[PDB]
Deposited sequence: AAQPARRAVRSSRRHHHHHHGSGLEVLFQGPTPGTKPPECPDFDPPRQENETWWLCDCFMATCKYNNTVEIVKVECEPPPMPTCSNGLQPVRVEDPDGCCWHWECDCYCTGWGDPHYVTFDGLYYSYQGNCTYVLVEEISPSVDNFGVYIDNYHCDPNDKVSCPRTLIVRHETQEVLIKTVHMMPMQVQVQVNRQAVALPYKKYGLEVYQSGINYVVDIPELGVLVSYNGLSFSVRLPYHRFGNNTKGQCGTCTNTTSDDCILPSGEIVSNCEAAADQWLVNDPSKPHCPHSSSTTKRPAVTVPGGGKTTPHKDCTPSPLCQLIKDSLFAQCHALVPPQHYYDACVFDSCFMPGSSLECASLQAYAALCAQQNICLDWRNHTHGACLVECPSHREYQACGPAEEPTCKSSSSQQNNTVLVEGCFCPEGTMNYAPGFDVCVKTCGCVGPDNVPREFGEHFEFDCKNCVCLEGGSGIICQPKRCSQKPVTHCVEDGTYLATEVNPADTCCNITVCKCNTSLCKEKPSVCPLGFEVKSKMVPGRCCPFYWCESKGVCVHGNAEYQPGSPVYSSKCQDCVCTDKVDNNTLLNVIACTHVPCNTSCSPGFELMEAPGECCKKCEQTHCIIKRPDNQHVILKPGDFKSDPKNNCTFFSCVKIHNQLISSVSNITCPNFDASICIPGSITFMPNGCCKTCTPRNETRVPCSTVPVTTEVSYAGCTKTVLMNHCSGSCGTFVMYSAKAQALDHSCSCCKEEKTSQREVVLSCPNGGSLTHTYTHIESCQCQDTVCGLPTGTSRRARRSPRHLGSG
């Protein structure tokens, strides 16, 4: 009567077993209304229950830090802390993964404040460590050893999305984004809930306990708790009227009208004012604008704000790409055109013009026809015979864009050598530098 295996059946049909061939079945179904607040103000995600029929809403853990001193913790709490040693951003209170740590090193690279090194982001996962450190205009990644942009190894991926260098762990769902002036840490609540620590605080959905010391007790003065998260290192062992600029008024302006809802602008406006007061006229005051716009874009609300700032800070990327305030997070590459489960959250950055498109990940030349591109960034077309390197090559469409078979030429000598000191001179041929000639040529002796 009670079933031989009153028992939860497949497809959520818990059944009350009257008998083996007749039962008293019950449907299971659960619809929760969207979680009202998440305390960070970002929209909740529906995370499914272990039973497929039911589901729930959980808050994403989002930490953001812009400019030099400013940071918002996983639960929205905003605080300004300045320091020099590498400070830990997030770790795991009860270690699940082998090494998981996103660590910031602000000015530890250099005491002076410049794009040479505002800060460097170190994401350490298991055996790997990724060190994104902005050397002037372009950050370069050092992995344990420099690497390229679309890196992928041991479940850790690194890629450039818009103006943000993204280090992600799909198995953990961890997305870390580094910009010149801003850093973001996004963690699933289910995987890292009430299990995180550091300057980004504890993801518990209440702002009250988002300031835990390495010891683990919390404090009210959240700014002081941040210094206690120092990551000790052998180097630097000690590791010890303002005018409201009109630019700062852009936060409260009608441009960000859609942003004033679903995202609180008070913190960013205060950060802008404080940065303007820190020293005027150093173009550091428009870092808060960038992150306010980025968070608005995260809320599926894309804005163009930079042309409104009357200059004084724009993007610095080469001429073959144009700045777009609203664009795909993953630009459409010809080689890798695919589903890509587009988030369609439109990010800002600079992309290839409308007519052309990017060739492939890891490349930067924009092309019209898809073609093939060689180590030198030059568009080739399918079927084009050319002579790259010193070898004749073809650009067929297939597994390898360029066959590049070896050139068919050689040095040309003279056997007769009938003149005083006629010697085979291997002078480089102007048409083919490698295909030179070694003809017999009279020398003085």
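Engineer: Where are the gaps relative to the deposited sequence?
Structural biologist: Residues missing from the model, as numbered along the full deposited sequence, span 1-37, 43-51, 191-194, 291-313, 519-807.
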